[PDB]
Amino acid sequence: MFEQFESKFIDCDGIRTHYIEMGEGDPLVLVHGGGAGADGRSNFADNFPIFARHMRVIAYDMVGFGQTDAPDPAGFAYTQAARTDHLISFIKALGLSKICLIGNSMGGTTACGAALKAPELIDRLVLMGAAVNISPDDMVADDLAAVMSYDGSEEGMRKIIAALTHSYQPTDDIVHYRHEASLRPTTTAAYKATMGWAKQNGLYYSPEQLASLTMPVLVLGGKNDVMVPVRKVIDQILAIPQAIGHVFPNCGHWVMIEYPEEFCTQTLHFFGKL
């Protein structure tokens, strides 16, 4: 599946990194979520054609995900820092400057991290259902039953999608892809270290860090998002003084997938392409 996109690879400080890209002009980088078997194409395929009409749109796989190198967690620590540094490394390796950047969920954590550490690389930031103010306590706070206790079955995967979206009905090919993606032995162990770390340390930046962002910011969230509650998204809107806020009704944790055109419209508009 997804063979309409050419798989590309580039070394990012020792981490061979998978990415796909389409279109020309100003660079736009898309950062996927932290779910089991999540990757660039499964998160963003649907948005690629609209984005590519206006920009050079790029989606990569975070370290420990997709077809990017997943260094053995016997020797590699899957911290937020590692994802953040990898993103920074990825941007520099492709020689992009002043990019537009969109992260969903843990991809939002990573985008936010790169925006803080390397602001010179990023002109515009979009935090979408972003895990940027999520404490350890928050990580274990019922709505996530289908996620937390996923049994690796196809039915279980359909239950995840159903729990993470409002009314979105995936195709069988999407279900099959996500299901198989979640079982890849390569990224299994990496994912368990990733989630173990996130549960223990949380995925957050201090209120002061969030107020210290130096570029324009757009904050997006679904009102019915059970993984990053809308109140957390509201908190981000209020914590980042310059942040534009947009709340999507009848919408879960995957704004880009659940409302692909509205997502592309709001972001492209914020990028100055509409």
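Note that residue numbering follows the sequence shown and begins at 1.
Can you count, per the entry, how many deposited residues between residue 141 and residue 142 come without coordinates? Answer none, 1 to 3, 4 to 9, or 10 or more. Gap between residue 141 and residue 142: 1 to 3 unmodelled residues.
So which stretch wins on mean C-alpha B-factor, 161 to 169 or 143 to 151? Per the deposited B-factors, the answer is 143 to 151.
Report the stretch with the higher mean CA temperature factor, choosing between 204 to 212 and 222 to 230 on the basis of the entry. Looking at the recorded C-alpha B-factors, 204 to 212 comes out higher on average.
Which third of the chain holds residue 19 when residues are ordered by C-alpha B factor: lowest, middle or highest? For residue 19, whose C-alpha B-factor we compare with every modelled residue in the chain, the answer is the middle third.
Per the entry's values, where does residue 37 land by CA temperature factor relative to the rest of its chain, in the lowest, middle or highest third? Its C-alpha B-factor belongs to the highest third of this chain's values.
CA B-factor ranking of residue 101, expressed as a third of its chain: Lowest third, going by the recorded CA B-factors of the chain.
Based on the deposited C-alpha B factors for this chain, I'd like to know if residue 62 is in the lowest, middle or highest third. As the PDB entry reports it, the C-alpha B-factor of residue 62 lands in the middle third of its chain.
Sorting the chain's CA B-factors, does residue 95 end up in the lowest, middle or highest third? CA B-factor rank for residue 95: highest third.
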